Amino acid sequence: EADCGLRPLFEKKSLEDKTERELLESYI
Amino acid sequence: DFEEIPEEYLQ
Amino acid sequence: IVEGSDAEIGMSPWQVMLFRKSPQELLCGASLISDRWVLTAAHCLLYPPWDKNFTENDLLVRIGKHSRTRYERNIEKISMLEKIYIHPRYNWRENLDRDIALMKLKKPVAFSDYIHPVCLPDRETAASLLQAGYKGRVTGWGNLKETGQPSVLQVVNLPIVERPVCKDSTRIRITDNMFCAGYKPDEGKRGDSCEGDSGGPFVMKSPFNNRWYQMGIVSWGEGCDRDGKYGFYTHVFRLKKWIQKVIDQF
Ligand SMILES: N[C@H](Cc1ccccc1)C(=O)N1CCC[C@H]1C(=O)NCc1cccc(Cl)c1
Ligand code: NA
Ligand code: NA
């Protein structure tokens, strides 16, 4: 789908879940 | 251990 | 999930529960990849060593859930299966090579705050993100310990492991259709998939376009959260040609 992977309650509202930053910090 | 689901889905 | 935590509401809106009609029980995890297609592990449906051979009418999928056992009225959606497709070279005899299956729903599911599909990786996203040390995320309702069960969906973040370390951790033959993930004994942190998490998604959030991609499927492990052992996940991108063939033709 065209909006796959964009969560209604997070990405679509520009809200961050409590641990996604841990993933980003690992992408080095 | 699971709450019974609606009969509709078991038809 | 071992050493994870409770999911937030709507954190994994592609999460699917595979549910047995009779007796009514959880069978596996799975993921929503479109309004009519669900992805899971083949061993969730077919595994002759355990006399497992499920057909469509044996099964339901439950989408939008949080609680493991409650019927989440006005939130979850329960769908019947039209057809199961198992990879033709799924190796249930030896090492679960190509542990992947698709299920088509009898009717398309309506998306909502709690129900939304995950992306499948393109070649470039897979090459960029499937690297040792980079972390993904596993979700499921499986056991909390190897030797109990959670009230709500569990989440754990785990690093991808160098392929020589994966190979040196087990006597089972690894293939390019697998990768492994988890912390090393010296790294301190813990966590793993376990029984009942089978078929659920290993996802990563692309830093290039801020979308979630499903890189793996919960496939196999020796024990759960054992020191020096790692969980093994089906390599979704490696098997995407078969995925596309099934969807294009069915
Ligand atoms: N313990 C076996 C090991 C095995 C691997 C390959 C082939 C035969 C046996 C296993 O994981 N099995 C036996 C068949 C199903 C699968 C399982 O329990 N998967 C769930 C699981 C548990 C812990 C970690 C993960 Cl990633 C997945
Ligand atoms: Na080995
Ligand atoms: Na381990």
# chains A, B, ... in the order shown; residues from 1 in each chain; ligands from 1
$ residues_near_ligand --ligand "ligand 3" --cutoff "10 Å" --atoms "only C-alpha atoms and all ligand atoms" --output "ChimeraX atom specification"
/C:169,181-185,189-193,221-231
$ interface_residues --of "chain C" --to "chain B" --cutoff "8 Å" --atoms "only C-alpha atoms" --output "VMD selection string"
chain C and resid 21 24 to 25 68 to 71 78 to 80
$ write_last_selection --atoms "C-alpha atoms" --output "JSON list (two decimals), in the first residue's frame"
[["chain", "number", "residue", "atom", "x", "y", "z"],
["C", 21, "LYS", "CA", -11.32, -22.29, 15.84],
["C", 24, "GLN", "CA", -10.15, -21.77, 20.68],
["C", 25, "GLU", "CA", -6.48, -20.97, 21.22],
["C", 68, "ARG", "CA", -3.90, -11.65, 24.46],
["C", 69, "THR", "CA", -7.10, -13.30, 25.74],
["C", 70, "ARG", "CA", -9.89, -10.69, 25.70],
["C", 71, "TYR", "CA", -12.32, -10.24, 22.83],
["C", 78, "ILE", "CA", -11.77, -11.24, 12.90],
["C", 79, "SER", "CA", -11.30, -12.58, 9.35],
["C", 80, "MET", "CA", -11.75, -15.98, 7.70]]
$ select_by_dssp --residues "chain A" --states "helix (DSSP H, G or I)" --output "list in words"
residues 11, 12, 13, 20, 21, 22, 23, 24, 25 and 26 of chain A
$ write_last_selection --atoms "C-alpha atoms" --output "mmCIF file, in the first residue's frame"
data_model
loop_
_atom_site.group_PDB
_atom_site.id
_atom_site.type_symbol
_atom_site.label_atom_id
_atom_site.label_comp_id
_atom_site.auth_asym_id
_atom_site.auth_seq_id
_atom_site.Cartn_x
_atom_site.Cartn_y
_atom_site.Cartn_z
ATOM 1 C CA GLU A 11 3.972 8.606 12.301
ATOM 2 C CA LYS A 12 0.672 10.002 10.983
ATOM 3 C CA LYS A 13 0.459 12.327 14.014
ATOM 4 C CA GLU A 20 11.976 3.688 18.468
ATOM 5 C CA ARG A 21 14.907 6.035 19.132
ATOM 6 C CA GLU A 22 16.902 2.973 20.274
ATOM 7 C CA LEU A 23 16.564 1.607 16.743
ATOM 8 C CA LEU A 24 17.592 4.891 15.097
ATOM 9 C CA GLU A 25 20.660 5.180 17.338
ATOM 10 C CA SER A 26 21.812 1.750 16.124
#
$ residues_near_ligand --ligand "ligand 2" --cutoff "9 Å" --atoms "only C-alpha atoms and all ligand atoms" --output "VMD selection string"
chain C and resid 164 to 174
$ write_last_selection --atoms "N, CA, C and O atoms" --output "CSV table (one decimal), in the first residue's frame"
chain,number,residue,atom,x,y,z
C,164,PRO,N,28.9,-15.1,11.1
C,164,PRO,CA,29.8,-16.1,11.7
C,164,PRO,C,29.4,-16.4,13.1
C,164,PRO,O,29.5,-17.6,13.5
C,165,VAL,N,28.9,-15.4,13.9
C,165,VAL,CA,28.5,-15.7,15.2
C,165,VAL,C,27.2,-16.5,15.3
C,165,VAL,O,27.1,-17.4,16.0
C,166,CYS,N,26.3,-16.1,14.4
C,166,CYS,CA,25.1,-17.0,14.2
C,166,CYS,C,25.5,-18.4,14.0
C,166,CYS,O,25.0,-19.4,14.6
C,167,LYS,N,26.3,-18.6,13.0
C,167,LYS,CA,26.7,-20.0,12.6
C,167,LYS,C,27.4,-20.7,13.7
C,167,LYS,O,27.1,-21.9,14.0
C,168,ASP,N,28.3,-20.0,14.5
C,168,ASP,CA,29.0,-20.7,15.5
C,168,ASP,C,28.2,-20.9,16.8
C,168,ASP,O,28.8,-21.5,17.8
C,169,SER,N,27.0,-20.5,16.9
C,169,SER,CA,26.1,-20.6,18.1
C,169,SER,C,25.3,-21.9,18.0
C,169,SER,O,24.6,-22.2,19.0
C,170,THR,N,25.3,-22.7,16.9
C,170,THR,CA,24.4,-23.8,16.8
C,170,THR,C,25.0,-24.8,15.9
C,170,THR,O,25.9,-24.6,15.1
C,171,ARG,N,24.5,-26.1,16.0
C,171,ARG,CA,24.9,-27.1,15.1
C,171,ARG,C,23.9,-27.2,13.9
C,171,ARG,O,24.2,-27.9,12.9
C,172,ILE,N,22.8,-26.4,13.9
C,172,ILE,CA,21.9,-26.5,12.8
C,172,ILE,C,22.4,-25.7,11.7
C,172,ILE,O,23.1,-24.7,11.8
C,173,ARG,N,22.2,-26.2,10.4
C,173,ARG,CA,22.7,-25.6,9.2
C,173,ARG,C,21.9,-24.3,8.9
C,173,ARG,O,20.7,-24.3,8.7
C,174,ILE,N,22.7,-23.2,8.9
C,174,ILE,CA,22.1,-21.9,8.5
C,174,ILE,C,22.1,-21.7,7.0
C,174,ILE,O,22.9,-22.3,6.3
$ interface_residues --of "chain A" --to "chain C" --cutoff "7 Å" --atoms "only C-alpha atoms" --output "CSV table (one decimal) with N, CA and C atoms, in the first residue's frame"
chain,number,residue,atom,x,y,z
A,1,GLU,N,0.8,-1.2,0.0
A,1,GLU,CA,0.0,0.0,0.0
A,1,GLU,C,0.9,1.3,0.0
A,4,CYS,N,1.8,2.3,3.5
A,4,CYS,CA,2.3,1.2,4.3
A,4,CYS,C,3.3,1.8,5.3
A,5,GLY,N,3.4,1.1,6.5
A,5,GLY,CA,4.5,1.4,7.4
A,5,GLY,C,4.4,2.7,8.2
A,6,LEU,N,3.3,3.5,8.0
A,6,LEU,CA,3.1,4.7,8.7
A,6,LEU,C,1.9,4.5,9.7
A,7,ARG,N,2.2,4.5,11.0
A,7,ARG,CA,1.2,4.2,11.9
A,7,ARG,C,0.2,5.3,12.2
A,8,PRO,N,-1.1,5.0,12.2
A,8,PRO,CA,-2.1,6.1,12.5
A,8,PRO,C,-1.8,6.9,13.8
A,9,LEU,N,-1.4,6.2,14.9
A,9,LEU,CA,-1.2,6.8,16.2
A,9,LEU,C,0.2,7.3,16.4
A,23,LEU,N,16.3,2.1,18.1
A,23,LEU,CA,16.6,1.6,16.7
A,23,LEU,C,17.4,2.6,15.9
A,24,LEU,N,16.9,3.9,15.9
A,24,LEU,CA,17.6,4.9,15.1
A,24,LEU,C,19.0,5.0,15.5
A,26,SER,N,21.0,2.9,16.6
A,26,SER,CA,21.8,1.8,16.1
A,26,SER,C,22.1,1.8,14.6
A,27,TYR,N,21.5,2.7,13.9
A,27,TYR,CA,21.7,2.8,12.4
A,27,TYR,C,22.8,3.7,12.1
$ select_by_dssp --residues "region 33-236 of chain C" --states "strand (DSSP E)" --output "number ranges by chain"
C: 37-40, 46-47, 52-53, 59-63, 77-86, 101-105, 135-140, 154-159, 178-181, 201-205, 212-220, 231-235
$ atom_distance --atom1 "CA of residue 17 (chain C)" --atom2 "CA of residue 84 (chain C)"
15.3 Å
$ atom_distance --atom1 "CA of residue 48 (chain C)" --atom2 "atom 14 (C, counted along the ligand's line) of ligand 1"
9.7 Å
$ closest_residue --among "C:85, C:141, C:232, C:50" --to "ligand 1" --atoms "only C-alpha atoms and all ligand atoms"
C:232
$ residues_around --residues "residue 150 (chain C)" --least-positions-apart "6" --cutoff "12 Å" --atoms "only C-alpha atoms" --output "MDAnalysis selection string"
(chainID B and resid 1) or (chainID C and resid 1:7 66:70 139:144 196:197)
$ decode --residues "region 6-27 of chain A" --atoms "N, CA and C atoms" --output "PDB file, in the first residue's frame"
ATOM      1  N   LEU A   6       3.297   3.468   8.014  1.00  0.00           N
ATOM      2  CA  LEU A   6       3.069   4.743   8.696  1.00  0.00           C
ATOM      3  C   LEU A   6       1.898   4.542   9.656  1.00  0.00           C
ATOM      4  N   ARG A   7       2.192   4.535  10.956  1.00  0.00           N
ATOM      5  CA  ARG A   7       1.177   4.153  11.941  1.00  0.00           C
ATOM      6  C   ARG A   7       0.221   5.301  12.235  1.00  0.00           C
ATOM      7  N   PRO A   8      -1.096   5.039  12.244  1.00  0.00           N
ATOM      8  CA  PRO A   8      -2.057   6.119  12.541  1.00  0.00           C
ATOM      9  C   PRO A   8      -1.780   6.852  13.832  1.00  0.00           C
ATOM     10  N   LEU A   9      -1.361   6.162  14.881  1.00  0.00           N
ATOM     11  CA  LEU A   9      -1.218   6.805  16.178  1.00  0.00           C
ATOM     12  C   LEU A   9       0.198   7.287  16.450  1.00  0.00           C
ATOM     13  N   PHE A  10       1.110   7.158  15.478  1.00  0.00           N
ATOM     14  CA  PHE A  10       2.482   7.603  15.678  1.00  0.00           C
ATOM     15  C   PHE A  10       2.923   8.433  14.486  1.00  0.00           C
ATOM     16  N   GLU A  11       3.416   7.816  13.403  1.00  0.00           N
ATOM     17  CA  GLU A  11       3.972   8.606  12.301  1.00  0.00           C
ATOM     18  C   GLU A  11       2.942   9.576  11.732  1.00  0.00           C
ATOM     19  N   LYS A  12       1.685   9.136  11.604  1.00  0.00           N
ATOM     20  CA  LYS A  12       0.672  10.002  10.983  1.00  0.00           C
ATOM     21  C   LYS A  12       0.346  11.219  11.818  1.00  0.00           C
ATOM     22  N   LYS A  13       0.639  11.189  13.123  1.00  0.00           N
ATOM     23  CA  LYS A  13       0.459  12.327  14.014  1.00  0.00           C
ATOM     24  C   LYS A  13       1.774  12.985  14.401  1.00  0.00           C
ATOM     25  N   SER A  14       2.890  12.548  13.825  1.00  0.00           N
ATOM     26  CA  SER A  14       4.226  12.961  14.259  1.00  0.00           C
ATOM     27  C   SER A  14       4.417  12.770  15.767  1.00  0.00           C
ATOM     28  N   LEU A  15       4.005  11.601  16.262  1.00  0.00           N
ATOM     29  CA  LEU A  15       4.303  11.165  17.617  1.00  0.00           C
ATOM     30  C   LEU A  15       5.237   9.969  17.542  1.00  0.00           C
ATOM     31  N   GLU A  16       6.121   9.901  18.527  1.00  0.00           N
ATOM     32  CA  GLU A  16       7.190   8.912  18.630  1.00  0.00           C
ATOM     33  C   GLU A  16       6.846   7.907  19.725  1.00  0.00           C
ATOM     34  N   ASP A  17       7.030   6.605  19.448  1.00  0.00           N
ATOM     35  CA  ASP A  17       6.817   5.632  20.513  1.00  0.00           C
ATOM     36  C   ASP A  17       8.033   5.625  21.452  1.00  0.00           C
ATOM     37  N   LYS A  18       7.906   4.911  22.579  1.00  0.00           N
ATOM     38  CA  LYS A  18       8.852   5.109  23.673  1.00  0.00           C
ATOM     39  C   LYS A  18      10.239   4.530  23.417  1.00  0.00           C
ATOM     40  N   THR A  19      10.404   3.637  22.439  1.00  0.00           N
ATOM     41  CA  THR A  19      11.712   3.030  22.218  1.00  0.00           C
ATOM     42  C   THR A  19      12.205   3.066  20.780  1.00  0.00           C
ATOM     43  N   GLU A  20      11.494   3.712  19.852  1.00  0.00           N
ATOM     44  CA  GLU A  20      11.976   3.688  18.468  1.00  0.00           C
ATOM     45  C   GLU A  20      13.326   4.386  18.329  1.00  0.00           C
ATOM     46  N   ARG A  21      13.627   5.337  19.207  1.00  0.00           N
ATOM     47  CA  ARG A  21      14.907   6.035  19.132  1.00  0.00           C
ATOM     48  C   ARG A  21      16.073   5.068  19.327  1.00  0.00           C
ATOM     49  N   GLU A  22      15.877   4.003  20.115  1.00  0.00           N
ATOM     50  CA  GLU A  22      16.902   2.973  20.274  1.00  0.00           C
ATOM     51  C   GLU A  22      17.272   2.357  18.939  1.00  0.00           C
ATOM     52  N   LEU A  23      16.278   2.139  18.070  1.00  0.00           N
ATOM     53  CA  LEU A  23      16.564   1.607  16.743  1.00  0.00           C
ATOM     54  C   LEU A  23      17.359   2.619  15.919  1.00  0.00           C
ATOM     55  N   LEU A  24      16.901   3.870  15.889  1.00  0.00           N
ATOM     56  CA  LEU A  24      17.592   4.891  15.097  1.00  0.00           C
ATOM     57  C   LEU A  24      19.046   5.021  15.519  1.00  0.00           C
ATOM     58  N   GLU A  25      19.300   5.014  16.829  1.00  0.00           N
ATOM     59  CA  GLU A  25      20.660   5.180  17.338  1.00  0.00           C
ATOM     60  C   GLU A  25      21.571   4.050  16.917  1.00  0.00           C
ATOM     61  N   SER A  26      21.011   2.887  16.586  1.00  0.00           N
ATOM     62  CA  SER A  26      21.812   1.750  16.124  1.00  0.00           C
ATOM     63  C   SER A  26      22.140   1.822  14.637  1.00  0.00           C
ATOM     64  N   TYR A  27      21.511   2.735  13.886  1.00  0.00           N
ATOM     65  CA  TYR A  27      21.675   2.771  12.427  1.00  0.00           C
ATOM     66  C   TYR A  27      22.810   3.727  12.094  1.00  0.00           C
TER      67      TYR A  27
END
